[PDB]
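Presented below is the structure to which this report refers.
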Amino acid sequence: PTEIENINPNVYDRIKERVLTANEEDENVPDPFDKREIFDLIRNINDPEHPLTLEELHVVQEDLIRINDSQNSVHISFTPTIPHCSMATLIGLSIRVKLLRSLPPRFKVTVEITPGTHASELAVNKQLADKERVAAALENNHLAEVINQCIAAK
Amino acid sequence: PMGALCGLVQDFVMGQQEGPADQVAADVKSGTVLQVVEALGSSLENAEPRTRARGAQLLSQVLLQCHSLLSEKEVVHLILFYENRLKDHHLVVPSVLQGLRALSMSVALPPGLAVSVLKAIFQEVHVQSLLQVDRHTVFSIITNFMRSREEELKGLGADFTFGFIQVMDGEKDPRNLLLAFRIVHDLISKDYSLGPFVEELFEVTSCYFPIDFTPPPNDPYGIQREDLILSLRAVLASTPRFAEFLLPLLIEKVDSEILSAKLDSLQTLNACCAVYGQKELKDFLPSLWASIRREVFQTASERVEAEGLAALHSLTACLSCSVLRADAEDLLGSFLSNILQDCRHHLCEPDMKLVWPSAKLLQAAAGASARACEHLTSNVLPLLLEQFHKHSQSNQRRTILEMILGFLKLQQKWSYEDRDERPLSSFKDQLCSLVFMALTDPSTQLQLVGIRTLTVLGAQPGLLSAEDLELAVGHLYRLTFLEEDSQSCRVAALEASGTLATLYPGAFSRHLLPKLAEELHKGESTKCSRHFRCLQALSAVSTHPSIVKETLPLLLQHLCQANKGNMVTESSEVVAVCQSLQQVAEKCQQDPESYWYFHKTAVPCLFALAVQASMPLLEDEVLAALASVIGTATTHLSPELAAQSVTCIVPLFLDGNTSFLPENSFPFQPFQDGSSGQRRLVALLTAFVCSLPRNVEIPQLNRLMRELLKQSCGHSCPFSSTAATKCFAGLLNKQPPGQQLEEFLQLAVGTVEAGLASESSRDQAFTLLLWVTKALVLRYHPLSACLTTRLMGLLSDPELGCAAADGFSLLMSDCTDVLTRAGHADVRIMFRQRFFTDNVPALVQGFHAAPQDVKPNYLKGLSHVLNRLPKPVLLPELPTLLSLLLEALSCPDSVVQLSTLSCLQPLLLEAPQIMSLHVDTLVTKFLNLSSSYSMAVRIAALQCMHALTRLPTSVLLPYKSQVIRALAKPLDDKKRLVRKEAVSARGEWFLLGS
Amino acid sequence: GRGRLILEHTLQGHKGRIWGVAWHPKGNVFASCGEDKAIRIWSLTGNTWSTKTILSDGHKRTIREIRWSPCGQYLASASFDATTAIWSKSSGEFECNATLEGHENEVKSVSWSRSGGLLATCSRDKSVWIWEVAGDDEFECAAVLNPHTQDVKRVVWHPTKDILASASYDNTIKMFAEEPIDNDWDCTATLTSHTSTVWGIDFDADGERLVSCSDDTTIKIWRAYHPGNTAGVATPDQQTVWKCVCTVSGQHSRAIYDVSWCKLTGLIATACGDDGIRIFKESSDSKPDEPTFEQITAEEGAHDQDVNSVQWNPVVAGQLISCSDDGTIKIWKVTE
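Protein chains in written order, with PDB author numbering: chain B, 2 to 155; chain C, 13 to 43, 46 to 539, 548 to 638, 649 to 699, 702 to 1028; chain A, 0 to 335.
Here it is as structure tokens:
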């Protein structure tokens, strides 16, 4: 819960970017995969219905991403806009397609709805975890076209 | 013959018109007019209207070709006949008016006849009922008489303009509309007598106004919209006789919600203000500004905004000129205050969205006349100052100041008198407090705006309090010292430091130079960024000659205090001192005395160097930056001062004379001894002698170059020998084509080939060859033809082959130290084209006819050329050359790999049809290189794999499958950036097909 | 483990992911399907495996599974284009003679009965179709069943009898038997122990047991209990009931997409999403009511991506084949 006499307009202000890690990577030393790199892969994915990114709508957040480079595991928790949003599966699917194209095949990606943030979270998580149904969905030309529109970088 | 003439008639009437049209004209050209009009009279006397109309049209077609060559006794008769036939005939009139147009183009007619010619046509024929083409003929008859006989048409009085008023009442065609506008404009331009018809004349023109259109059947033929809108501006703005009529129309138009209209009305208003004045707009002057202000707030079109602000400008300008005209009373300066009072409450309003456009308006009216702004600023400033102190928020204070800033600039723009300074003095001390407030605020933006105002108040001719200068300088030092801020605030303060320094140099010698002198020895006895601040601070203030006379000894003293203590070890910080000196010399080249003083301390600079050789400290490379500093001193030099310093420097190297330099160095032969120290010092000569004006007038060029050649290769030093070649070539390039230059070349090719003969020092001879061929290449001197094709042979030599590649690479790039466009070294821009053309046959032929072992040396050279010429010329030779550029990627050298990749990347996006023919070998080479040891190489290779997507889908599709599989490996690359590039590349490769 | 799994061959014929592989009943030929919409028939000549025929244009979308008829004559392919193609070598070359349509969505699985006259398909439309084969090239639908509430993943016929088993996205397995008086198909029993999608199923040699692998990272052994059974298990209905008598857990990191039970050795192989192939053998002293299965050998890095299918060889004991999303087909030889 949050107070009514106290409201913090600063959240509008809180969105920022910092992509300066080059010095550490300048040498020949390997650079582990981290939360920041995955977040940079999904923060600018466009919402299917609105002219804003998943980051601007707080659908994806850096601290909702868990990753272990050595154990080849990536977990993404995304909060769809409103609990009865019928686009939750589409949004998570665009996240999957982006990570599927951008991540090494050794990485096992899990994309789930943030717990308690959607009425049908169990059913959506089950669809996104079924690799056969995800593949069959990508063979839908209209669906793949909308996904490509969300994944496009501009 | 009359039989032939009668026949031509009948043939025309029967429909064989074209032959007779020209054949009757031919009979006219040779033969008579009266015979043909009598033959045609019979055919025209026939009862059928088409039998009259056809005859008349073939009469006019004749009269049009005959033109001038017509008797006065014929012109009268013809015009009379035409009048009678037009009076009697219906739908025959078009043929008649074409003949009247023909008759209006002759000049041998009586005065009364000419006047009646048109008077009768507009009293008889109704223009609106007539066809578009025929209306064009009627209008052109007018314009004809409006050219041939003005005195008659003017003598007709105002009833001519009235008659024309009715002919042009209703006319929709654009083609004639421009004609009608011309007639109106000429009725105004020439002093044609307009009677009570001023109203009537404006009435017809006024109605048409904004609508713009294009015609579907004839689009380019149909003269476009802006053509018509401009012709109307011309007529509606030609007279102030239209004022009491046009201004109410334009206001009517501006207040209408159609945007195209809103525009044309202000564009016209601006054109009117060029020929209006005080009285014509006086009655409607209050209403007009309400409309201008209106649209400056409301409108979203910035071109509307701009034109309306231009309107308020030209308006107040028109009112400021008439303050001198009206000797009795001025009702013009009252309008300015009527604006002020109407937006005072709007500015005072705490809302910041409303405040900016009204300030834009006040600035537009102020920047119209010095008289206007001296009223406006003096009235506006106290309100802006009051509102500055009322608002405690930062962004508000920044905007308020940015608004004040404009007014201040405008004050400096026109007024130069002591009059505008008098009310400004009342606000002077109040303004400074705002400037210093903007500098103290933690805002970066507010600071920058304060700096912007500081320079503007500094620019001011009007006197300012001395204390403020003391304060301001202190503030500037605080802003140049603090680094917790973003770099921008620092640079802004440094630039302003120089700007104000040229105005008031005492202020910076009083409150900045001592502070920095103290800070110098406070770090002399984390450390580098502290040094940067003050060194650059002394560099940036070095704008006034007095300051230069102070900052130079301080920097040289810091340089001669660096060798005594522990500062020589840090070669980086010594380089920084030189960098600042080079920047001061760079500033001194403006004022002649300034660079004269700097050059007389270029001497102690070389002294501090000679001493370094006399002892047995500075790092070998630090010297090069010192030499670049010396070079910046030498250029821009008085020819007499140049001779003076040459006769001090050249003596020192050549004979060891150190007379000019101070005694401490005396405790010396660089040329014939063999001592390493003195040989190192040659590179300062490279900077000097080779950075002199074209008219060098050197005293002993022959001996110096003679010594240089032996020094260049005989010593065989790692870098000292090269400095000699660098210098020799630097001076050789600059040398004019005198009978000496060829001797210098004889000695150059001599020592070169001689060193190439001896086993012991091939590289020394090679470097000299390189620099000599370069100097002659940038000159396009014929001997470079041989020497470059000498370096062509050396590509096959095992010892020097890699050195031959290095040489080609050097020839391909401009270098800072030797020969520069601003270093007074002669160069022509087109050398890459000239060099490339010669190179391709030699290198391509050499590559194919080269043995397996020393075959890739030729490609290394070709690449160092091709990639360094990213030019148009690379495209037309690409079909032959790309085959090699692809095999250039397979070279093991990382520099070659990088250069060839960097060059190939845009080619894919500029000329893809030529590239798409080599896709298989393109993708194979790129994917091979996206897995090399070098990080940068992999990044480039991936960017080219990402660029390959730009080619047509058709050629890419058979590769998508294999490509994606391969691109999986770089996704798991050790470095972060190579993963970023793989992300982009693969992502694009996935969207290839749908 | 005491046992070892040895890689014999690696084949990279397809472009993209490879979904299914299937042994010819003679064990000297196998087929493979994948994302490339093509079927490849692989024959063994000497010591080298090679593609003898390539089948294209048979399906417009991805081919999920292919299954050989008990006769070496015909091949069936289930694809995402809602069709099931039947291939036959009537012209001396394999051609598509018949096409089975009817499913509304993508067809996930095919299977042939032991006799070879019954063919079963299942799709994402939650349905299971059963077809009859009158003569060559002709097929007649016997029944359309909609018992499953979700996507049906696999269909497998009984080795000894004409019983059909189906695994579904609804976490359940369903048995199908034909009713004696009317000769109409109906659902026999429902097996509910998995907590997530059941991907694969396979019968024991005799057919009284069944493996099932699931998305819950576990495999389960099901035992058929007839009415009047010796155990204390009672059947309220006349039909036989199946019971989860064993659950192997903690052995797999991710979803298990396929499982194969060899009819020659009794070994069980699993194809997991952690790129690992695991071999299980029943213990010597395992009880028929609480069997214990132990992992004798495994190759955790069997593929570079998810292992989609594993199939034992019906003729050669201990020879396993597998395919994966890395685009590779691997033939293995296990030695206990």
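Virtual Cβ for every residue (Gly too), placed ideally from N, Cα, C.
Exercise. Name the chain B residues whose beta carbon is nearer than 9 angstroms to that of C/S1028?
Worked result: Counting from 1 along the second sequence, the entry for residue 1028 of chain C is found at position 994. Per Cβ cutoff of 9 angstroms: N142, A145, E146 and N149.
For this session: Look at C/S500 and C/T454 and say whether their C-beta atoms are less than 8 angstroms apart.
Result: In the second sequence, counting from the first residue as 1, residue 500 of chain C sits at position 486. In the second sequence, counting from the first residue as 1, residue 454 of chain C sits at position 440. No; because the gap between Cβ atoms is not below 8 angstroms, this pair is not in contact.
Exercise. Which one or two residues does DSSP pair with A/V106 in a beta bridge?
Worked result: What you label residue 106 of chain A is simply residue 107 of the third sequence in a count that begins at 1. Bridge partners of A/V106: A/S122.
Exercise. Within the 8 angstroms Cβ cut-off, does A/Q310 reach chain B?
Worked result: The sequence position of residue 310 of chain A within the third sequence is 311, counting from 1. For A/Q310, the answer is no, since every Cβ of chain B falls outside 8 angstroms of its Cβ.
Exercise. Looking at chain B, which residues of the region 61–73 of chain A have a Cβ within less than 9 angstroms of any of its Cβ atoms?
Worked result: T61 and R63
Exercise. Helix, strand or coil: which one does DSSP assign to C/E164?
Worked result: Within the second sequence, the letter at position 150 stands for residue 164 of chain C. Of the three classes helix, strand and coil, the one that applies to C/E164 here is helix, per DSSP.
Exercise. Interface residues of chain C around B/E4 at Cβ under 8 angstroms?
Worked result: Walking along the first sequence from the start, residue 4 of chain B turns up at place 3. By Cβ distance, chain C contributes nothing, its closest Cβ being about 25 angstroms from B/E4, past 8 angstroms.
Exercise. Rounded C-beta distance between C/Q75 and C/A38? I'm assuming under 8 angstroms.
Worked result: On the second sequence, position 61 is the one that residue 75 of chain C refers to. On the second sequence, position 26 is the one that residue 38 of chain C refers to. Not a contact, Cβ separation roughly 13 angstroms.
Exercise. Could you give the distance in angstroms between the alpha-carbon of C/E538 and the alpha-carbon of C/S523?
Worked result: Walking along the second sequence from the start, residue 538 of chain C turns up at place 524. Walking along the second sequence from the start, residue 523 of chain C turns up at place 509. Cα to Cα, the separation comes out at about 22 angstroms.
For this session: Starting from the beta carbon of B/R97, find every residue of chain A whose beta carbon is closer than 7 angstroms, and list them in chain order.
Result: Your numbering for residue 97 of chain B matches position 96 in the first sequence. None at all; the shortest Cβ gap to chain A is about 14 angstroms.
Exercise. How many angstroms separate the CA atom of A/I180 from the CA atom of A/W311?
Worked result: Counted from its first residue, the third sequence places residue 180 of chain A at position 181. Counted from its first residue, the third sequence places residue 311 of chain A at position 312. If you take the alpha carbons of A/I180 and A/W311, they lie about 37 angstroms apart.
Exercise. Does any C-beta atom of chain A lie closer than 8 angstroms to the C-beta of B/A124?
Worked result: Stepping through the first sequence from its first residue, residue 124 of chain B is reached at position 123. No, no contact with chain A.
Exercise. Candidates C/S348, C/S270 and C/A382: which alpha carbon is nearest C/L323's?
Worked result: Counting from 1 along the second sequence, the entry for residue 323 of chain C is found at position 309. It is C/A382 whose Cα lies nearest to the Cα of C/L323.
Problem set entry | alpha helix (DSSP H) segment containing C/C747, residue limits | Along the second sequence, one-based indexing puts residue 747 of chain C at 713. That run of the alpha helix (DSSP H) goes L735 to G748.
Exercise. Where does B/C86 sit, in a helix, a strand or coil, going by DSSP?
Worked result: Against the first sequence, residue 86 of chain B aligns to sequence position 85. Looking at B/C86 - three-state DSSP - the assignment turns out to be coil, as it is neither helix nor strand.
Exercise. With burial defined as no fewer than 16 other Cβ atoms inside 10 Å of the residue's Cβ, what is the status of B/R102: buried or exposed?
Worked result: On the first sequence, residue 102 of chain B is found 101 positions in, with the first residue counted as 1. Counting Cβ neighbours within 10 Å, B/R102 comes out buried, since at least 16 surround it.
Exercise. For the region 1001–1012 of chain C, which residues have a CB atom closer than 8 angstroms to at least one CB atom of chain B, in sequence order?
Worked result: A1002, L1005, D1006, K1008, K1009, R1010 and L1011
For this session: Would you tell me roughly how many angstroms separate the C-alpha atoms of C/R1013 and A/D325, rounded to the nearest one?
Result: By one-based count along the second sequence, residue 1013 of chain C stands at place 979. By one-based count along the third sequence, residue 325 of chain A stands at place 326. Taking the straight line from one Cα to the other gives about 20 angstroms.
Exercise. Name the chain C residues that come within less than 7 angstroms of B/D32, Cβ to Cβ?
Worked result: Here residue 32 of chain B corresponds to residue number 31 of the first sequence, with the count starting at 1. Neighbours of B/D32 on chain C, chain order: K1008, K1009 and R1010.
Exercise. Nearest-angstrom Cα distance between C/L912 and B/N24?
Worked result: Counting from one through the second sequence, the residue named residue 912 of chain C turns up at place 878. Counting from one through the first sequence, the residue named residue 24 of chain B turns up at place 23. Distance between the alpha carbons of C/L912 and B/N24 is about 38 angstroms.
Exercise. Whole-angstrom Cβ separation of C/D226 and C/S274, contact assumed at under 8 angstroms?
Worked result: Taking the second sequence and counting its residues from 1, the one referred to as residue 226 of chain C is at position 212. Taking the second sequence and counting its residues from 1, the one referred to as residue 274 of chain C is at position 260. 7 angstroms between Cβ atoms; contact.
For this session: Please state whether DSSP places C/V730 in a helix, a strand or coil.
Result: For the purposes of this step, residue 730 of chain C is taken as the residue at position 696 of the second sequence. Coil at C/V730, not helix or strand.
Exercise. Residues bridged to A/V127 by DSSP?
Worked result: Here residue 127 of chain A refers to the residue found at position 128 of the third sequence. Its beta-bridge partners are A/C121 and A/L144.
Problem set entry | CB contact check: B/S87 to chain C, cutoff 8 angstroms | Taking the first residue of the first sequence as 1, we reach residue 87 of chain B at position 86. Chain C, which has no Cβ nearer than 8 angstroms to the Cβ of B/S87, makes this no.
For this session: Note down, in chain order, all residues in the region 246–277 of chain A with a beta-carbon under 7 angstroms from any beta-carbon belonging to chain B.
Result: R253
Exercise. Quick one: which chain C residues come within Cβ less than 9 angstroms of B/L55?
Worked result: Locating residue 55 of chain B in the first sequence gives position 54, counting from the first residue. What B/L55 touches in chain C: nothing, since even the nearest Cβ is about 17 angstroms away.
Exercise. How long is the line joining the alpha carbons of B/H59 and B/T80, rounded to whole angstroms?
Worked result: Indexing the first sequence from 1 puts residue 59 of chain B at position 58. Indexing the first sequence from 1 puts residue 80 of chain B at position 79. Rounded to whole angstroms, B/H59 to B/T80 spans 7 angstroms at the Cα level.
Exercise. Listing by chain order, which chain B residues have their CB less than 8 angstroms from the CB of A/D305?
Worked result: What you label residue 305 of chain A is simply residue 306 of the third sequence in a count that begins at 1. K132, listed in chain order.
Exercise. Is any beta-carbon of chain C found at less than 8 angstroms from that of B/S103?
Worked result: As a position in the first sequence, residue 103 of chain B is number 102, starting the count at 1. Judged by the 8 angstroms Cβ criterion, B/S103 is in contact with chain C.
Exercise. In whole angstroms, what is the alpha-carbon distance linking C/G488 and B/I152?
Worked result: Numbered from its first residue, the second sequence carries residue 488 of chain C at position 474. Numbered from its first residue, the first sequence carries residue 152 of chain B at position 151. Those two C-alpha atoms are separated by around 54 angstroms.
For this session: Tell me, please, whether the CB atom of A/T239 is closer than 8 angstroms to any CB atom in chain B?
Result: Residue mapping note: residue 239 of chain A aligns to position 240 of the third sequence, counting from 1. No, A/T239 does not count as interfacial toward chain B.
For this session: To the nearest angstrom, report how far apart B/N69 and B/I114 are at their CA atoms.
Result: As a working mapping, residue 69 of chain B is identified with position 68 in the first sequence. As a working mapping, residue 114 of chain B is identified with position 113 in the first sequence. When rounded, the distance between both Cα atoms is 20 angstroms.
Problem set entry | Complete alpha helix (DSSP H) runs within the region 910–945 of chain C (minimum length 4 residues, chain order) | 928–944
For this session: Check the Cβ of B/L42 against every Cβ in chain C and list those closer than 8 angstroms, keeping chain order.
Result: Residue mapping note: residue 42 of chain B aligns to position 41 of the first sequence, counting from 1. Those within 8 angstroms of B/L42 in chain C are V1017.
Exercise. What first and last residue would you give for the beta strand (DSSP E) that runs through A/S42?
Worked result: Sequence index remark: in the third sequence, residue 42 of chain A carries index 43 (1-based). Note, A/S42: beta strand (DSSP E), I38 to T44.
For this session: For A/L163, write down the residues that DSSP places opposite it in a beta bridge.
Result: Taking the third sequence and counting its residues from 1, the one referred to as residue 163 of chain A is at position 164. Per DSSP, A/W156 and A/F175.
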